[PDB]
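> my complex, part one, positions kept as in the full thing:
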Amino acid sequence: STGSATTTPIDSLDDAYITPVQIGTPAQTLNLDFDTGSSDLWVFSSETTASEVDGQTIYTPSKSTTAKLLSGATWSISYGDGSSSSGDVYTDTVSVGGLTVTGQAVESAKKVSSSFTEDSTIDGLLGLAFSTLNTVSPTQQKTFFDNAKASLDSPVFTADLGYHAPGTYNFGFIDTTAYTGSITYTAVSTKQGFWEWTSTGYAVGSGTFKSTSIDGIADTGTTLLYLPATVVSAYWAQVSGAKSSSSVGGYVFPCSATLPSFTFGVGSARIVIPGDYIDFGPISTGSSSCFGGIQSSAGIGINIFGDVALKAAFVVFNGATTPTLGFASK
């Protein structure tokens, strides 16, 4: 088996990407945020509070025939920003892209947070992180990828996110048309259950390359590039007028400035994130201050390669016994 699904950004500064997913019988197609930095398949449903659904498409589990309660079974997740969701759990059929997966645990939200309700292009989340992270109780479930993994051609899934355009999520195979050159795979540490790897340095614009090791996760779930303070600051001193602001809570630069490119290490390889991707547009509407896409990891305790650096490469998530992360240039 295999399956390619089109992910299309929800915004004009690409700050999230939704991929359509079919749940039930017959099919209910909800648009889901594919998060490799969580491990929960949750959705906006019919059991979700009515003051808590704005304009989202809902998954009505009493009109899927493959749909059954997992009783006493209960979920509760919290994200890196505040972000909250929770309820009960169903078992049902999920296709992504044609790849069918049967009795997958679909967690059906009874409470969602304010910031999920504000968010009307996203109907729920699909976790593509490691399964020790799954939050269901008292019996822990697995992710799509882990429920499909055995039935797939190669146990792997690619991220190919576009800059201002849609992209693709492929399950089961490497599309060798989708990239330039070689893919460099590097070693992954699965111990905290993240797509966690080790970056071999950085370059800022045309400058010289720094051999330091940056431990990060691959998280398609995060918009921006969260790197340690020394690295991020070496960055922003190349852009004239950029400061750190304690009421925007991060690095801004005026909009008329030319953003130079960020280079990160993949083994002996180099993936250049062009100047253009790091500009997240003006802070408020009207403003001539613009939000930067390289921000400090200091206040979250972990470094994230988010959508800014991932949407610069073709990404292979090798879900083999000894998992690796592969980046190519595109």
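In hand now; what should we look at? Numbering: from 1, shown residues only, chains lettered A, B, ... in the order given.

> C-alpha from now on. contacts and neighbour counts both.
Noted.

> helices of the stretch 1-150 of chain A, start to end?
Per DSSP state H, counting those that start in this stretch, the stretch 1-150 of chain A carries helices over the ranges A:114-117, A:144-148.

> pick the most deeply packed of those helices.
Mean neighbour count, computed with mean count of other Cα atoms under 10 Å, is highest for helix A:144-148 among the helices of the stretch 1-150 of chain A, reaching a mean of 21.

> which secondary structure elements does that one contact?
Packing partners of helix A:144-148 (3 or more Cα pairs under 8 Å, 6 or more residues apart in numbering; DSSP states H and E): strand A:99-112.

> chain center to the strand it packs on, what's the gap?
A distance of 18 Å separates the centroid of the chain from that of strand A:99-112, by Cα atoms, centre = their mean, to the nearest Å.

> what about residue A:233, how many residues nearby?
Residues contacting residue A:233 under the criterion other Cα atoms under 10 Å number 18.

> check contacts around it.
Residue A:233 makes no contacts at all, as judged by Cα atoms under 8 Å, 6 or more residues apart in numbering.

> pretty sure it belongs to a strand, no?
No: secondary structure of residue A:233 (DSSP: H, G, I helix; E, B strand; the rest coil): helix, not part of a strand.

> neighbouring strands - and their directions - for whatever helix or strand residue A:290 lives in?
Using DSSP states H and E, the element containing residue A:290 is strand A:289-292. Partner strands and pairing direction for strand A:289-292 (DSSP bridges) are strand A:250-254 (antiparallel), strand A:279-282 (antiparallel).

> quick one: the first one to chain centroid distance?
Spelled out, that is strand A:250-254. Here strand A:250-254 is found 23 Å from its chain centre; the criterion is Cα atoms, centre = their mean.

> same check, this time on stretch A:77-93
15 Å.

> can you slot in chain B too:
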Amino acid sequence: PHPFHXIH
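Let me put chain B in with the others:
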């Protein structure tokens, strides 16, 4: 902008 920080 409305960035995303997808677990805790």
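
> how far is the strand holding residue A:290 from where the chain is centred?
With Cα atoms, centre = their mean, you get 22 Å for strand A:289-292.

> swap in stretch A:310-317?
Counting by Cα atoms, centre = their mean, stretch A:310-317 is centred 11 Å from the centre of its parent chain.

> does chain B have contacts with that stretch?
No: Stretch A:310-317 stays clear of chain B (Cα under 8 Å from any Cα of the partner chain), getting no nearer than 14.1 Å.

> just say helix, strand or coil for the residue most central in space within chain A.
Centroid-nearest residue in chain A, with Cα atoms, centre = their mean: residue A:220, separated by 1.7 Å. Three-state assignment for residue A:220 (three-state DSSP): coil.

> how about the contacts made by it?
By Cα atoms under 8 Å, 6 or more residues apart in numbering or on different chains, residue A:220 lies in contact with A:34, A:35, A:36, A:37, A:306, A:307, A:310.

> mind listing what residue A:263 touches?
With contacts defined as Cα under 8 Å, 6+ apart, residue A:263 is in contact with A:202, A:203, A:204, A:205, A:270, A:271, A:272, A:273.

> which residue is the nearest non-sequential neighbour of it?
residue A:272 (4.3 Å; Cα to Cα, 6 or more residues apart in numbering or on different chains).

> ok, so what distance separates residue A:11 from chain B?
9 Å (Cα to the nearest Cα, to the nearest Å).

> count the residues that sit near that residue.
Residues lying near residue A:11 (other Cα atoms under 10 Å in any protein chain shown) number 14.

> show me what residue 5 is bridged to.
Defaulting to chain A. With DSSP bridges as the rule, residue A:5 is bridged to residue A:169.

> my bad, the chain I had in mind was chain B
residue A:222.
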